[PDB]
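The sequence shown maps to residues 2320 to 2464 in the deposited numbering.
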Amino acid sequence: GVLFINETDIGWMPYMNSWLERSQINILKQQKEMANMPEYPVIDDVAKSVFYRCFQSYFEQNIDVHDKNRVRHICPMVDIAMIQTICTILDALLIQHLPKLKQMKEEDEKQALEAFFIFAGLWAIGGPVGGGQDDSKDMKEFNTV
């Protein structure tokens, strides 16, 4: 008896929302033998909003980002695989720069958390960009999107 899940039905948004709220992560650390989990950073009320506002604005909205001809990957990256790499890099950026962010003011804190995404995304998507004949052009095609 076959139950076929479609990719759009479940999606990648549930992971992005569950990672922002720290819902899935929190439960696994508590209720497992995995005691060697690297403690995740605190996504403050502003810091959550700024990623939710951004994640949704550089994936749902951007058609260029998912255009195969613009973004020429090496391996055939699944959408969730890219969202996971954004999330792990955002984790590692926050933990490094958390006490500097909380000392900064509303405007310069927001513009960092925005930049921290753009950089996290840059590697998540642009990192696996490459292959073909001219790697240099598939880089300069992504470099413009």
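Backbone N, C-alpha and C fix where the C-beta goes; we use that ideal spot for every residue, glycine too.
Pick from the options that is closest to residue i, judged by C-alpha positions
| i | options | result |
| --- | --- | --- |
| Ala2439 | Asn2462, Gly2450, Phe2461 and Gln2403 | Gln2403 |
| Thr2407 | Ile2329, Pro2333, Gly2320 and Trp2338 | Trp2338 |
| residue 2477 | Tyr2371, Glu2358 and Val2390 | With the chain covering only 2320 through 2464, there is no way to say anything about residue 2477. |
| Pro2395 | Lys2424, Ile2444 and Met2356 | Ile2444 |
| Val2369 | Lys2419, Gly2450, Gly2451 and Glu2426 | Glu2426 |
| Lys2367 | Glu2340, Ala2354 and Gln2415 | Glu2340 |
| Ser2455 | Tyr2377, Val2390 and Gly2320 | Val2390 |
| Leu2417 | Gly2450, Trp2442 and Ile2362 | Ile2362 |
| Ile2393 | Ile2329, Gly2330 and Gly2446 | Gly2446 |
| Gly2450 | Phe2435, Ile2399, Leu2413 and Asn2388 | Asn2388 |
| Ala2434 | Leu2413, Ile2344 and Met2356 | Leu2413 |
| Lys2421 | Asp2364, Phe2378, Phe2461 and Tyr2377 | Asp2364 |
| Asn2462 | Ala2411, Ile2399, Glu2428 and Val2384 | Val2384 |
| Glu2379 | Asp2453, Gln2430, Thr2327 and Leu2441 | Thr2327 |
Residue i, buried or exposed, once every other Cβ within 10 Å from all chains shown has been counted against 16
| i | result |
| --- | --- |
| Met2401 | buried |
| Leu2322 | exposed |
| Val2448 | buried |
| residue 2282 | For residue 2282 there is no data in the structure shown, the boundaries of the chain being 2320 and 2464. |
| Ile2437 | exposed |
Report the residue ranges of all beta strand (DSSP E) runs contained in full by the stretch 2376-2458; include only those spanning at least 3 residues, in chain order.
Counting only runs of 3 or more, we get nothing.
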